[PDB]
Amino acid sequence: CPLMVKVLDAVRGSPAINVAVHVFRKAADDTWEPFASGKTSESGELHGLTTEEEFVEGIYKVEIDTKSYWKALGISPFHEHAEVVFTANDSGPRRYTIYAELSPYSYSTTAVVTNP
Amino acid sequence: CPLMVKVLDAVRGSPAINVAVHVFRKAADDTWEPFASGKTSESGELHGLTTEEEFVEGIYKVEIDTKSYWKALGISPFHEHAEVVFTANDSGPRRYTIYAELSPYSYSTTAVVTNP
Amino acid sequence: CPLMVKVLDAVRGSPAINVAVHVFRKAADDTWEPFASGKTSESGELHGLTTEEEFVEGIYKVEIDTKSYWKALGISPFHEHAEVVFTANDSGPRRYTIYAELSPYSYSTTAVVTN
Amino acid sequence: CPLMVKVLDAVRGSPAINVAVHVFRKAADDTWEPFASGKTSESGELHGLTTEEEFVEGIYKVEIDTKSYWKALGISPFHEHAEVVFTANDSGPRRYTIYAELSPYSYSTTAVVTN
């Protein structure tokens with residue numbers, strides 16, 4: 001998978017499981033076209049999101065449904081969601097890992113970019 | 001100012017100065033209506049953004065132009081921008097401070113919510 | 001005015017109040033000697049740990065008792081504490097603001113240095 | 001398999017490679033005795049610092065030499081190092097993954113604990 005996501009829960013000290021994640025690609029008319037979606041695994045990852053066939057050059061938006069997640073745990077959080085927007089594969093295909101550490105009133109995101 | 005922003009540069013160890021910040025409020029038709037904009041000061045803050053008169057209940061989006069910022073320093077970064085979306089004043093007027101710590105391939109955002 | 005510590009509670013969305021902060025300086029014998037102490041205010045910060053004249057060049061260790069802070073809320077957190085170790089005023093005086101964002105299993109620390 | 005350390009370079013967008021990591025355990029005399037050591041791989045991680053049998057209940061200090069890492073790139077960073085101090089296996093065995101995201105004037109540390 002050239003597009004990976006690792007979502008962690010800083011309150012409980014575990015991976016954030018069942019977190020909805022929607023990915024969009026910027027269309028020629030500057031709109032956001034759905035590209036891929038999934039739910040985080042027990043390890044806090046997205047399995048089978050895309051492949052080198054679909055993951056082409058372009059600007060991508062990765063939307064993490066942190067609100068539903070916290071609310072499912074009986075917690076009312078600050079953010080409506082957590083968004084990560086970046087240009088991908090603009091210099092040859094790459095492997096991208098998006099780390100997201102979650103707290104009800106805080107989130108961090110770190111991108112790791114390597115050669116497949 | 002009931003809406004404050006503190007933007008830090010983790011590379012240089014200083015406040016992120018001259019960082020463009022655009023704020024939007026969700027309109028009745030789910031579109032993003034411009035609400036306020038500015039550039040961070042020498043202390044990394046936005047002065048005179050809004051007041052208790054305009055800062056009413058609603059969903060707000062705070063967009064930080066982290067890309068221009070890094071690029072101005074001769075650095076090509078990961079993110080297209082950093083976004084913070086949250087419901088404000090939904091339980092009585094509040095004072096919100098949005099902390100944003102910036103690195104070229106990472107950013108964190110923490111919200112501090114207090115009583116004015 | 002030269003050393004400021006700001007502690008945020010990433011879980012509740014507020015300043016971390018009444019949090020113990022201990023500062024140490026590295027002694028010639030490579031031991032850590034007490035230098036300053038406080039408890040964060042209602043605004044989660046300490047600003048009077050030291051002064052421009054007292055804060056001399058050296059290696060300082062700022063230690064935040066995050067364990068007690070979480071334990072009170074009935075939480076069993078990961079860290080025994082959060083600590084920042086840094087050389088101060090190595091290349092001349094500077095003002096230092098250390099931001100600490102805390103969660104039970106995560107903490108970040110960011111320094112803004114000026115002068 | 002029980003203790004994993006993952007080190008990321010928030011500036012370059014990559015794993016922090018060849019980063020020194022030293023582990024210590026708190027001794028009965030309240031001193032820190034060496035327990036394990038390594039250098040992160042091309043993937044910025046260490047996984048073989050210890051084993052299920054060796055990793056007994058106690059207070060561990062994981063120390064990452066971030067200073068040397070930044071200094072090589074010609075950078076004068078804030079921290080002398082990044083260290084995580086925590087009680088392991090207090091309430092029975094657990095697997096521990098410690099994530100460390102590094103920048104010259106900022107580092108976060110997050111632990112994922114399971115079992």
Side-chain angles (χ1 to χ4, degrees), chain A residues 77-85 103 105-109, chain B residues 1-26 32-56 58-70 72-73 77 79-89 93-103 106-116, chain C residues 4 6-10 13-15 43-45 97-101 108 110-112 114, chain D residues 103 105-106:
Chain A
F78 181 72
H79 306 89
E80 285 295 291
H81 59 236
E83 176 199 73
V84 181
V85 179
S103 294
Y105 283 74
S106 195
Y107 70 87
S108 83
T109 190
Chain B
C1 253
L3 183 55
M4 292 160 277
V5 173
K6 188 63 156 187
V7 184
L8 314 173
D9 175 326
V11 163
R12 295 165 69 199
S14 78
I17 302 165
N18 293 151
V19 176
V21 177
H22 293 85
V23 185
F24 309 82
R25 180 177 181 270
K26 186 97 99 185
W32 288 106
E33 163 172 318
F35 177 84
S37 50
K39 288 202 170 185
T40 58
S41 66
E42 105 287 335
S43 67
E45 303 168 50
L46 288 176
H47 294 268
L49 213 53
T50 189
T51 83
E52 265 175 293
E53 292 295 311
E54 295 98 348
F55 199 46
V56 311
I59 301 179
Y60 290 77
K61 175 171 106 202
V62 172
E63 190 165 307
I64 311 171
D65 196 347
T66 60
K67 196 181 178 168
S68 289
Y69 174 81
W70 291 119
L73 307 174
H79 306 89
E80 285 295 291
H81 59 236
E83 176 199 73
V84 181
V85 179
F86 61 102
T87 298
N89 304 312
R94 287 289 192 117
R95 209 164 88 144
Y96 297 88
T97 317
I98 309 300
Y99 292 79
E101 278 139 21
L102 303 183
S103 294
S106 195
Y107 70 87
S108 83
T109 190
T110 298
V112 168
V113 182
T114 60
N115 257 322
Chain C
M4 281 153 294
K6 176 65 138 178
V7 191
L8 319 174
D9 177 325
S14 55
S43 65
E45 57 61 59
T97 299
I98 292 161
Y99 297 81
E101 330 198 305
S108 63
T110 298
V112 175
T114 72
Chain D
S103 291
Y105 288 72
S106 186

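We name chains A, B, ... by the order of the sequence lines, and we start the count at 1 in each one.
Listed by chain and number, the residues in a ring-ring contact (aromatic ring centres under 6.0 Å, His included) with A:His81 amount to none (sequence neighbours excluded). Taking the side chain to side chain contact (heavy atoms under 4.5 Å, CB included) definition, one finds that C:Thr110 meets it with B:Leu8, B:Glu101, C:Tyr99, D:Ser106, sequence neighbours left out.
Contact check on B:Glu33 versus B:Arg25 returns no salt bridge, with no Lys/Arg side-chain nitrogen under 4.0 Å from an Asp/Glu carboxylate oxygen.
Within 6.0 Å of CD on B:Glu52 lie no more than 12 heavy atoms contributed by other residues, nucleotides or ligands. Enclosure of atom CZ in B:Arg94 by more than 12 non-hydrogen atoms of other residues, nucleotides or ligands within 6.0 angstrom is indicated.
When every heavy atom of B:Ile64 is checked against every heavy atom of B:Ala100, the shortest pair comes out as CD1-CB, 4.0 Å. Across B:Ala10 and B:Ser103, no two heavy atoms sit closer than the pair CB-OG, 3.4 Å. The shortest heavy-atom contact between B:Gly13 and D:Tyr105 is CA-CG, 3.3 Å.
Under the 30°/60° scheme for interplanar angles, the aromatic rings of B:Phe55 and B:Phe35 are found to be tilted.
For the side-chain contact (heavy atoms from CB on, under 4.5 Å) with C:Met4, the lone residue among C:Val112, C:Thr97, C:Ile98 that qualifies is C:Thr97. Just one residue in the list B:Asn89, B:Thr114, B:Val62, B:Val5 forms a side-chain contact (heavy atoms from CB on, under 4.5 Å) with B:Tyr96, and that residue is B:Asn89.
A salt bridge (charged side-chain N to carboxylate O under 4.0 Å, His left out) check over residues 37-46 of chain B, counting only residues at least two apart or in different chains, returns the pairs B:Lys6-B:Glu45.
Interatomic distance, NE2 of B:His47 versus OG1 of B:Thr40, reported as 9.0 Å (0.5 Å rounding). Between the CD1 atom of B:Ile59 and the OG1 atom of B:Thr87 there is a distance of 4.0 Å, given to the nearest 0.5 Å. Rounded to the nearest 0.5 angstrom, A:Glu80 CD and B:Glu83 CD are separated by 10.5 Å.
Side-chain contact between B:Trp70 and B:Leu102 is present, with at least one heavy-atom pair separated by less than 4.5 Å. Between B:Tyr69 and B:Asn18 the shortest side-chain heavy-atom distance does not fall below 4.5 Å.
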> Does the pair B:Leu73 and B:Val11 meet the rule for a side-chain contact (heavy atoms from CB on, under 4.5 Å), with working shown?
Replying inline: CA-CA 11 Å; B:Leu73 307 174; B:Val11 163; over 6 Å; no

> Which is it for B:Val84 and A:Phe78 under the side-chain contact (heavy atoms from CB on, under 4.5 Å) test, yes or no, and what are the steps along the way?
Replying inline: CA-CA 10 Å; B:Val84 181; A:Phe78 181 72; 4.1 Å; yes

